[PDB]
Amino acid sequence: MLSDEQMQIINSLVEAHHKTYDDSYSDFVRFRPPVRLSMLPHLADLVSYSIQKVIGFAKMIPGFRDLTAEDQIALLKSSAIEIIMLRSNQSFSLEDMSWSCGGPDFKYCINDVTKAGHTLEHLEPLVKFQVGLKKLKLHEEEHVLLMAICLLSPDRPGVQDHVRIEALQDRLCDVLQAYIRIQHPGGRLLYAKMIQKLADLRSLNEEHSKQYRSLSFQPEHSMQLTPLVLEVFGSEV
């Protein structure tokens, strides 16, 4: 079984995700509306709002707050789009192969995202990733653990305290490995399947950067982004 310390990390992480993820999706009415690059303004608002949620989550991860501000920024800048890709599995639906955030105006099919500058060269692996992740049928405890392990990766450009960040990530992986073994029936090979999802996230990150770079370089398109997106997905060090 799990120790009280590991159980506490789980409670902190599950609560942190509950505070920063709103199943009502009611804040989406404040984004610039969707238009069927007509979807860029709405999706840039969607992502900008999600980056803020991911910063709130991170701050509540045990030990993240105690990193230097420099390391915190390097981890979030490198991992933001991956945490977002992960947390969106909660709205993704295997039925219609789309993200469904309450109503039909906030239902993003694959065609919607092409209207925001992304070719299917990127959207194909992204939806395959979401479908595989959905098929894993993760527990909430395992979903949040994965997001926290993704954020707390020391193999990111810019991090300085490798040793402290890797220790944090190891402790989280041990909680997860023990959670699966003790609490998840039939999860014999599930830990490995989630480590492989991390690697897929790195390949999706790189493809997103290529697509995003083309947006960021056309002022008529980059002007539609938000300042948070521009700063977080930008290359300043």
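Numbering starts at 1 and follows the sequence shown.
Peer 1: Could you bin the unmodelled part of the deposited chain lying between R36 and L37 as none, 1 to 3, 4 to 9, or 10 or more?
Peer 2: The entry leaves 10 or more residues without coordinates here.
Peer 1: 124-132 versus 84-92: which one carries the higher mean Cα B factor per the record?
Peer 2: Going by the record's values, the stretch with the higher mean is 124-132.
Peer 1: Return whichever of 201-209 and 182-190 has the greater mean Cα B factor according to the PDB record.
Peer 2: Between 182-190 and 201-209, it is 182-190 that shows the higher mean C-alpha B-factor.
Peer 1: Which is it among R30, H42, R65, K53: the one with the largest CA B-factor in the entry?
Peer 2: Most elevated C-alpha B-factor of the set, per the entry: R65.
Peer 1: Where does the C-alpha B-factor of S79 rank in its chain, lowest, middle or highest third?
Peer 2: It belongs to the lowest third of the chain when residues are ordered by C-alpha B-factor.
Peer 1: Grab the CA temperature factor for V113 from the record and place it in the lowest, middle or highest third of its chain.
Peer 2: Answer is middle: the recorded C-alpha B-factor places it there.
Peer 1: Quick check for you: using the entry's CA B-factors within this chain, is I195 in the lowest, middle or highest third?
Peer 2: Highest third of the chain for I195's C-alpha B-factor.
Peer 1: If you rank the chain by CA B-factor, which third does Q218 end up in: lowest, middle or highest?
Peer 2: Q218: CA B-factor falls in the lowest third of its chain.
Peer 1: Is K137 in the lowest, middle or highest third of its chain when residues are ranked by C-alpha B-factor?
Peer 2: Middle third of the chain for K137's C-alpha B-factor.
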